[PDB]
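Asker: Shown below is the structure under consideration.
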Amino acid sequence: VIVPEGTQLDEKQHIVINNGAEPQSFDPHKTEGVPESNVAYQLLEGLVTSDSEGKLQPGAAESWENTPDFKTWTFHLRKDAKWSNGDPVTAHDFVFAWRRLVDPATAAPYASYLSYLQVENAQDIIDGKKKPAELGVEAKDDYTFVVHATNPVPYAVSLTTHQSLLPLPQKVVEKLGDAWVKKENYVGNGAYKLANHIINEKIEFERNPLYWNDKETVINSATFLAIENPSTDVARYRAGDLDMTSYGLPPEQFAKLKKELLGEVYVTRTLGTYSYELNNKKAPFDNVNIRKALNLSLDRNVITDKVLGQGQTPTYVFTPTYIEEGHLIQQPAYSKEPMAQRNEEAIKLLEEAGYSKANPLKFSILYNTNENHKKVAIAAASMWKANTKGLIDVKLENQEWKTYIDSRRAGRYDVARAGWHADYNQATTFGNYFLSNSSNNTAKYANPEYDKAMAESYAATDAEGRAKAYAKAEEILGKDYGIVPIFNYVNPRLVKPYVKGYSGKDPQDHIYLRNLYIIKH
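Numbering (my numbering), first residue to last: -12 to 508.
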C-alpha cells in the first residue's frame, strides 16, 4: 500500500536512525521532549496519527465527528484492535490515560495539554479542586470515546496526535504502576515494541504483530542511537553505520555535504522556534530592563547567516508567523532598528542596572550537550560582550539531555537554550506555552493580560478573530521581553538513498517507522 507497485523492496527491512539523546522515559505522561516522543510514537498510537507529509490519518479511531459548536468530539474506535499482549483497545483505555495525564499525582510535564483542549474540568483537576474521574471525557460504550470541551476548539483533532494523549493499557498500568514502562512490562498498541534498551547506546524496536495495521508495516526492525553531536551523527552516516541522522548537521560541512551527497540532504521548513529562555523569577532576569537589553544586543542575523547558514530565518517573536492563524503576529519595532542604536540602548539599560566593564552582568547559558548548540552559545556570548562593550560576561554550561530538562523544569538556570516544536499545526501550540498556569511554562512568565488576550480567542467565531487575539498575546509577551527568540527552524537531515517514506515536507518532521521502507536497487 505505502510501496509503489513494481518497487523492489530489500529483504531485511532494518533501519538505524539517530534519535539524538537518551530519553528521560518511555512513559508519555512523564516526558516533554522530541527524543521521548520519537520513541512513544513507535510503541503507542492515539486517536489520529499522520502520514509522511504530516497529513492527518485514522489511528486508533477509524472515524470521528464534532458538534457544529466545536465543543463535543466523538471518536469511534476499531472493534478488533488489540494491545501487544492481546488485550482489546477500548475507550476505557483513553478515559484512563487522559485522567492519568491531568491527575496531580502523575505530575505530568504536559498536564496542561487537556486544558489547552478546553476539556471540561481539566484545569480544576490539575489545580487539585476536582477528582480525575470528573474529567469531561467518557466511554459511551467500549468503542465510543467522547470529549466534552467548555469552549470551541475547531483544531481539536490535530491536538489528539500528540504523545501526551496516547492511550495506555489500563489493566497493565493499574497493576504495575509506573513500573509498566520497563522493557519486560511494556504493552502498547503501536506498530513496534521494545526489543532492547542499553542506556546511552541504543533502543531496539521489533514489529508489533498485533498492531491493527501490521499488514501495511514494512520495516521489521530498527535501532535508535543517542548521538549528541551532529558531527558524530554525520561521521556514522558516512561510514554506513546509520541510515538517517537527527535534525541537525554541522554548519561548516553543510555546503560540501550538499555537493557530495546529492539527493541525501533534506531540509524541512518546520514549525519551530529556537530561543534563549530567561528565568523570569530569578534575579536579575526578573528585571524587564535587563530582559530588554539582552534582546536589543543579540544580532539574530549573525546566528542565522554566519554561524548556521542552513536556511534558519531570524525571528523576534515566539510563534512562527507562518503557522495557521499566526499571520497577524508582528515582528517588534526594535527588530527594524540598526544594531548601533539597539546596542546604545542596551548599554544604557545595563548601566542603569549597575553593570560596568569591571562589574559586568554574569550568567551561564544552560544547553544540552550538542556541538551546534555550543557554537550558537559561543556566538551569543561573544555578541553580548562585544555589543555591550564588556557589560555582559557569559559562561557556557552543558548538561546531558535528561539533566538539562530537569534543570529547566526545576528553575535551576539563568538563561537556557530552548527549542519549541509545534504539537499541532495551529498558533495556540506556541501561544498556550506562556499562559501563567501552563505546565510547559519553564520561563515562569506570568502576565494576567497575556492570559486574557489568549482567553479572547475562544470568544472568536472565526479564524480572523482567533488570529487577532494571538497577535495581541504575542505583542504583550514581546513588550515584556519574556524570552529571547532567535530563529525559526529548518530541520536538516541526511537520509540514505535506499530509505523511502521520508518526505521532507512534514512541518512537525515526525518519523514513524511504519511510514518507511528500504528499497533494493
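We put the CB at the ideal spot given by N, CA and C, even for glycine.
#1: Determine the closest residue to residue 462 out of 406, 318, 140, with distance taken between C-alpha atoms.
#2: Can you tell me whether DSSP reads residue 487 as helix, strand or coil?
#3: Count the other C-beta atoms from every protein chain shown that fall within 10 angstroms of the C-beta of residue 9, then say buried if there are 16 or more, exposed otherwise.
#4: In whole angstroms, give me the CA-to-CA distance for residue 505 and residue 211.
#5: Check the C-beta distance from residue 199 over to residue 65 and give it rounded, since I have them as a contact under 8 Å.
#6: If you check the beta carbons only, do residue 365 and residue 372 fall under 8 Å apart?
#7: Hey, out of 272, 311, 344, whose CA is closest to residue 470's CA?
#8: CB-CB under 6 Å to residue 150, same chain, minus the five flanking residues each way: which ones, in chain order?
#9: Could you tell me the alpha carbon to alpha carbon distance between residue 268 and residue 81, rounded to whole angstroms?
#10: Just to confirm the assignment, what range does the beta strand (DSSP E) spanning residue 331 have?
#11: Please classify residue 309 as buried or exposed, where buried requires at least 16 other C-beta atoms within 10 Å of its C-beta.
#12: Under 8 Å, with one C-beta from each stretch per pair, do the segment 317 to 336 and the segment 272 to 291 reach the 3-pair mark?
#13: In the DSSP assignment, what residue or residues form a beta bridge with residue 406?
#14: Provide the residue(s) that pair with residue 474 in DSSP beta bridges, ordered along the chain.
#15: My output table needs one value for residue 354: the three-state DSSP class, helix, strand or coil.
#16: Ordered along the chain, which non-local residues of its own chain (more than five positions away) have a Cβ less than 6 Å from that of residue 207?
#17: Among all the DSSP beta bridges, which residues are the ones paired with residue 211?
#18: For residue 34 and residue 145, which I take to be in contact (beta-carbon distance under 8 Å), what is that distance rounded to the nearest angstrom?
#19: What separation, rounded to the nearest whole angstrom, lies between the Cα atoms of residue 185 and residue 5?
#20: Does DSSP put residue 369 in a helix, a strand or coil?
#21: In whole angstroms, what separates the C-alpha of residue 137 from that of residue 58?
#22: State the start and end residues of the unbroken alpha helix (DSSP H) segment that holds residue 511.
#23: For a quick check, are the C-beta atoms of residue 209 and residue 500 less than 8 Å apart?
#24: Quick one: what's got a C-beta closer than 8 Å to residue 297's C-beta in the same chain, skipping five residues either side?
#25: Out of 2, 374, 29, 435, point me to the one whose CA is closest to residue 327's CA.
#26: Using a threshold of 8 Å, state whether the C-beta atoms of residue 299 and residue 291 are closer than that.
#27: How many Å lie between residue 73 and residue 135 at the Cα?
#28: Rounded to whole angstroms, what is the Cα-Cα separation between residue 108 and residue 264?
#29: Which of the three DSSP states is assigned to residue 349 in this structure?
#30: May I ask which residues mark the beginning and end of the beta strand (DSSP E) holding residue 380?
#31: Just to confirm before moving on: does the CB-CB distance between residue 584 and residue 408 stay below 8 Å?
#32: From residue 431 to residue 266, what distance separates their C-alpha atoms?
#33: Could you spell out the range, first to last residue, of the beta strand (DSSP E) harbouring residue 417?
#34: With hydrogens ignored, establish whether the beta-carbon of residue 420 is closer than 7 Å to any heavy atom of the ligand MN.
#35: How is residue -8 classed by DSSP in three states: helix, strand or coil?
#36: Extract the residue ranges of the alpha helix (DSSP H) inside the segment 96 to 180, only unbroken runs of 4 or more that lie entirely within it.
Answerer: Let me spell this out:
#1: Position 475 of the sequence shown, counted from the first residue, corresponds to residue 462. When only C-alpha atoms are compared, the closest one is 318.
#2: Here residue 487 refers to the residue found at position 500 when the sequence shown is read from its first residue. Strand at residue 487.
#3: Position 22 of the sequence shown holds residue 9. Residue 9 should be labelled buried.
#4: Locating residue 505 in the sequence shown gives position 518, counting from the first residue. Locating residue 211 in the sequence shown gives position 224, counting from the first residue. The alpha-carbon atoms of residue 505 and residue 211 are separated by roughly 16 Å.
#5: Reading the sequence shown from its first residue, position 212 is the one you call residue 199. Reading the sequence shown from its first residue, position 78 is the one you call residue 65. Between residue 65 and residue 199 the Cβ distance is about 5 Å, and since that is below 8 Å, they are a contact.
#6: As a first step, residue 365 is located in the sequence shown; it is residue number 378 there, counting from the start. As a first step, residue 372 is located in the sequence shown; it is residue number 385 there, counting from the start. For residue 365 and residue 372, no; Cβs fall outside 8 Å.
#7: As a first step, residue 470 must be located in the sequence shown, where it is residue number 483. Considering only alpha carbons, the answer is 272.
#8: The sequence position of residue 150 within the sequence shown is 163, counting from 1. Only 15, 24, 27 meet the Cβ criterion.
#9: Position 281 of the sequence shown, counting from 1, holds the residue named residue 268. Position 94 of the sequence shown, counting from 1, holds the residue named residue 81. Each residue's alpha carbon lies about 37 Å from the other.
#10: Residue numbering aside, residue 331 sits at position 344 when the sequence shown is read from its first letter. First-last for residue 331: 326 to 339, but that is the alpha helix (DSSP H), not the beta strand (DSSP E).
#11: Here residue 309 corresponds to residue number 322 of the sequence shown, with the count starting at 1. The residue in question, residue 309, is exposed, as its Cβ has fewer than 16 Cβ neighbours within 10 Å.
#12: The segment 317 to 336 vs the segment 272 to 291: in contact.
#13: In the sequence shown, residue 406 corresponds to position 419, counting from 1. In DSSP, residue 406 forms a bridge with 261.
#14: Taking the sequence shown and counting its residues from 1, one reaches residue 474 at position 487. According to DSSP, residue 474 bridges with 261, 301.
#15: Numbered from 1 along the sequence shown, position 367 holds the residue referred to as residue 354. In this structure, residue 354 counts as strand in the three-state DSSP scheme.
#16: In the sequence shown, counting from the first residue as 1, residue 207 sits at position 220. Here the set comprises 0, 194.
#17: Counting from one through the sequence shown, the residue named residue 211 turns up at place 224. Residue 211 pairs with 4, 190.
#18: The sequence position of residue 34 within the sequence shown is 47, counting from 1. The sequence position of residue 145 within the sequence shown is 158, counting from 1. With a Cβ gap of about 11 Å, residue 34 and residue 145 do not count as contacting.
#19: Within the sequence shown, the letter at position 198 stands for residue 185. Within the sequence shown, the letter at position 18 stands for residue 5. Their Cα atoms are separated by approximately 14 Å.
#20: The residue given as residue 369 occupies position 382 in the sequence shown. Residue 369 falls in the helix class under three-state DSSP.
#21: On the sequence shown, residue 137 is found 150 positions in, with the first residue counted as 1. On the sequence shown, residue 58 is found 71 positions in, with the first residue counted as 1. Answer to the nearest angstrom: the Cα atoms are 6 Å apart.
#22: In this structure the chain extends from -12 to 508, so residue 511 is not present and cannot be described.
#23: Walking along the sequence shown from the start, residue 209 turns up at place 222. Walking along the sequence shown from the start, residue 500 turns up at place 513. Yes; because the gap between Cβ atoms is below 8 Å, this pair is in contact.
#24: What you label residue 297 is simply residue 310 of the sequence shown in a count that begins at 1. These residues qualify, in order along the chain: 236, 238, 241, 254, 477, 479.
#25: One-based indexing of the sequence shown puts residue 327 at position 340. The residue with the shortest Cα to Cα distance from residue 327 is 374.
#26: Along the sequence shown, read from residue 1 onward, the residue named residue 299 stands at position 312. Along the sequence shown, read from residue 1 onward, the residue named residue 291 stands at position 304. Closer than 8 Å, so yes.
#27: On the sequence shown, residue 73 is found 86 positions in, with the first residue counted as 1. On the sequence shown, residue 135 is found 148 positions in, with the first residue counted as 1. The straight-line gap from Cα to Cα measures roughly 30 Å.
#28: Along the sequence shown, read from residue 1 onward, the residue named residue 108 stands at position 121. Along the sequence shown, read from residue 1 onward, the residue named residue 264 stands at position 277. Near 30 Å, if we compare the C-alpha coordinates of residue 264 and residue 108.
#29: Here residue 349 is taken as the residue at index 362 of the sequence shown, counted from 1. In this structure, residue 349 counts as strand in the three-state DSSP scheme.
#30: Here residue 380 refers to the residue found at position 393 when the sequence shown is read from its first residue. Element bounds for residue 380: 379 to 386.
#31: With the chain running from -12 to 508 in the structure shown, residue 584 is simply not present.
#32: Taking the sequence shown and counting its residues from 1, one reaches residue 431 at position 444. Taking the sequence shown and counting its residues from 1, one reaches residue 266 at position 279. Taking the straight line from one Cα to the other gives about 6 Å.
#33: Position 430 of the sequence shown holds residue 417. Segment 415 to 418 is the alpha helix (DSSP H) holding residue 417; no beta strand (DSSP E) there.
#34: You won't find the ligand MN in this model; it holds no ligand whatsoever.
#35: Residue mapping note: residue -8 aligns to position 5 of the sequence shown, counting from 1. In the structure shown, residue -8 adopts coil according to DSSP, grouped into three states.
#36: 100 to 103, 109 to 113, 143 to 146, 157 to 163
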